[PDB]
Structure formats: structure tokens, C-alpha cells
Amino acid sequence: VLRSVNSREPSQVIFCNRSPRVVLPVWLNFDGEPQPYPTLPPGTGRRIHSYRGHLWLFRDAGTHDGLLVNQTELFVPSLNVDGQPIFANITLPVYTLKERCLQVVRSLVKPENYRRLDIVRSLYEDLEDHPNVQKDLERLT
């Protein structure tokens, strides 16, 4: 459903990780399957060879928290104009205070011990509903 187009038209791209997280680039292949690419350290950039109509999304490499590329969720390389690369700015979204708290707590508690926490049962499942690329993919689809 959400797939890259096989345009075969090359597009030159710079992924700039403007977030404090290790960024995992994900290419959506022609069958819709997410394909991971080498990780991008915080404050670093990489020149990428992609194609017009291709689909990329970005995540925290360790936690798979969702990140933003050009203020949106999906980056589709476009036509290079004047032979300049298209810039893909990876940034942190403004998480909810709930999402941000789930992030930190997930980082401090191993999942087997989530239930040892003295919180409402609704939160037990929210901790276990860790962000996932496939879950996010279905939502956009």
C-alpha cells in the first residue's frame, strides 16, 4: 500500500540528523517492506543516493521512537533542481508529556518489570506498546 515508486530517476539527498538521537533511516521498498539503512549519529549528515518517488522515514535507532523529517513523517525525494541535493532534516517532534515520560520510564525499567510499577493498569499497556515501525506504517496506511 505504502511503497516506493520504481521511477529509476536518481535523486541526491543529504540526511542531516538535527536531533540528539542516533537516527535509523528506513527505506520503504517496492513491496512496502521497511528496509533499515546504516545509522546516523546525532549532529551528523550523510550524502545519500536515492530516487524520485521513494519513501523514507526516520526513527531512534535504540528505541524506535518516531522522528520528523522536514517537519513531517515521510520524506519522498524530489527532482534535484540546479544539481543541488535535496535536504532531509531529521528533528525531534514535540512529544506529548505522556509519550516523553513513557520514553524515559521504558529506558529505566526492563519490560519484565513493568508490572512491578505502582501505576494504573492503563499505563502498563502503554509501556508495553513500544513504538514500532510496522505499527506506525499501518496507521499511515
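Only the largest set of C-alpha atoms that superpose within 1.5 Å between the two forms is called the rigid core. Sequential numbering from 1, following the sequence displayed.
Q: Could you say which moves further from this form in 9 other deposited structures of this protein, stretch 115 to 123 or stretch 13 to 21, by root mean square CA distance after aligning on the core?
A: The stretch that sits farther from the shown form in 9 other deposited structures of this protein is 115 to 123.
Q: Read off the CA B-factors in the entry, average them over 21 to 29 and over 7 to 15, and name the higher stretch.
A: Mean C-alpha B-factor is greater for 7 to 15.
Q: Hey, which bit's got the bigger mean C-alpha B factor in the entry, 43 to 51 or 76 to 84?
A: The recorded data point to 76 to 84.
Q: Whose C-alpha has the highest temperature factor in the PDB entry: 109, 67, 61, 97?
A: In the PDB entry, the greatest C-alpha B-factor among 109, 67, 61, 97 is found at 109.
Q: Of the choices 35, 103, 113, 91, which one's C-alpha carries the largest B-factor in the record?
A: In this record, 113 carries the highest C-alpha B-factor of the candidates.
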